[PDB]
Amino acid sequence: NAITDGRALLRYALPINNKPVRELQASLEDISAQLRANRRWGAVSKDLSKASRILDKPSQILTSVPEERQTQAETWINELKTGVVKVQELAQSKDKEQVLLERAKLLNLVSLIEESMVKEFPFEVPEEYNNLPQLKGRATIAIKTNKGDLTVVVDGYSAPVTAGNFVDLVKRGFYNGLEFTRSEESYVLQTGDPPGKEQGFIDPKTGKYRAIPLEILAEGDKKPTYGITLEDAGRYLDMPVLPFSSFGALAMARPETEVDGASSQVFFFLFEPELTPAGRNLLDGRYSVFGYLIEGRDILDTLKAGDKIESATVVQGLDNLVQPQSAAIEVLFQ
């Protein structure tokens, strides 16, 4: 009764306001729930007919797309219409495997359309963090390990300071050669500890550890909560927009007693519903999730002692990374 697909969490975290595209999204999302037992084909066909009816009125979606991007979005709508027909044909033969494969392609198109609706960064990051790199949008990072590639999407719309720090460190090569750790009986896979005396990244402008604030956007808020756990904000019951209950959620480690003590140590949470008890965990609202694994699920589960990151690549979204601009408009006189 909770959303556990990281791609879906990321779609819902897009700061958009368009009810039709959300209905289209929900109808296509529902297909996987209906097909988990491979029995409820009527509900699948109802989902596809609803999706088709929404696509029949593209203007109700395109009205939220800025005029610069409307024509790419029209191509995506056309691809969705073609794909829905393809899936309706597959549903007629009750081909669960192909319906699910095509459903993922359709939802990727929905994601692309939804992301094109973000017009302008949704809030002002506190100026006290203007000395830190910030990701004003999404980025996709491919992490090459000795066991294969992990692809993560990091969400600067929900965690611009945290995602910005990560993309900046990736670009600096900080993670190259760093080992993974996973305690014996643990669902937490960690990396980002320099093998040396430092605990994180040293800011070359200051000569000191580049600490980042705790940054957690609570459901329904416009601005992230900075520097305080949701519990300490009096909001223990409120959930993050980017919650922990997805396999491969990527978050910042920090000392338990230092909310603003993170820098480079990160962890993946290998969430498993089957083994997770009913009730809240000790992670949501306390540690900042800033992205999700979207490819490499089987690889992630096998990472352990001795494994390491060989390299990390910014696949998409580098242009969303904003370096500190405080001294960028200063005029010198010699």
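Residue numbers here begin at 1 and follow the sequence given.
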Original post:
Of 317-325 and 5-13, which one has the bigger average CA B-factor?
Top reply: 317-325
Subject >> Higher-scoring stretch by recorded Cα B factor average, 43-51 or 282-290 >> reply: 43-51
Original post:
Looking at 197, 171, 254, 144, which has the biggest Cα B factor in the entry?
Top reply: 197
**OP:** By the entry's C-alpha temperature factors, tell me which of 223, 182, 138, 208 sits highest.
**Re:** 208
Original post:
C-alpha B factor of residue 120, ranked within the chain: lowest, middle or highest third?
Top reply: highest
Original post:
Where does residue 31 sit by CA temperature factor within its chain: lowest, middle or highest third?
Top reply: middle
**OP:** For residue 215, return the chain-relative third of its C-alpha B-factor as stated in the PDB record: lowest, middle or highest.
**Re:** lowest
Subject >> Record-listed C-alpha B factor of residue 302: chain third >> reply: middle
Original post:
In terms of the chain's CA B-factor thirds, is residue 77 lowest, middle or highest?
Top reply: highest
